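Visitor: Sequence first, structure after; it's an experimental one.
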Amino acid sequence: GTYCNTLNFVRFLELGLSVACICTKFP
Amino acid sequence: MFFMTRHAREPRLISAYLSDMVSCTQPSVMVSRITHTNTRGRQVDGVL
């Protein structure tokens, strides 16, 4: 009936700060 | 020391104090199935 939320993760490109820079992947 | 007595005239400093007070404690981490609600559907956060 009552639980505990653990590990509130977060991504980067959903943050909002990802409009001042153009991030890109490279192997 | 005394909000409601000294600043009894300005009604905005009191509201600022209340906002600072409610936004001062770390929210507890407990998800539950059946909790308190309002008519529309918003859940209650704290007690004063």
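Guide: Right, received. Where do you want to start? Numbers count the residues shown, from 1 in each chain, chains lettered A, B, ... in the order given.

Visitor: need the residues of chain B near chain A, please.
Guide: Proximity of chain B to chain A, by Cβ under 8 Å from any Cβ of the partner chain, involves residues B:29-34. Yep, even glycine has a C-beta here, placed from its N, CA and C like the rest.

Visitor: Among these, which pair sits farthest apart?
Guide: The span of the residues of chain B next to chain A, defined through Cβ to Cβ, is set by B:29 and B:34 at 17.9 Å.

Visitor: which one of the two has more residues nearby?
Guide: residue B:29 (10 against 7; other Cβ atoms under 10 Å in any protein chain shown).

Visitor: Enumerate the residues of chain A near chain B.
Guide: Counting by Cβ under 8 Å from any Cβ, chain A sits next to chain B at A:1-6.

Visitor: Now render those as TSV, adding secondary structure and neighbour count.
Guide: Listed next are the residues of chain A next to chain B as TSV, based on DSSP: H, G, I helix; E, B strand; the rest coil; neighbours: other Cβ atoms under 10 Å in any protein chain shown:
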residue	secondary structure	neighbour count
A:1	coil	7
A:2	strand	9
A:3	strand	10
A:4	coil	8
A:5	coil	8
A:6	coil	6
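
Visitor: Which one of these is nearest to residue B:24?
Guide: residue A:5 (21.1 Å).

Visitor: OK, contacts around residue 27?
Guide: Going with chain A. With contact set as Cβ atoms under 8 Å, 6 or more residues apart in numbering or on different chains, residue A:27 has no partners.

Visitor: Oops, wrong one, chain B.
Guide: residue B:45.

Visitor: Is it correct that it falls within a strand?
Guide: No - looking at residue B:27 with DSSP: H, G, I helix; E, B strand; the rest coil, it is coil, so not inside a strand.
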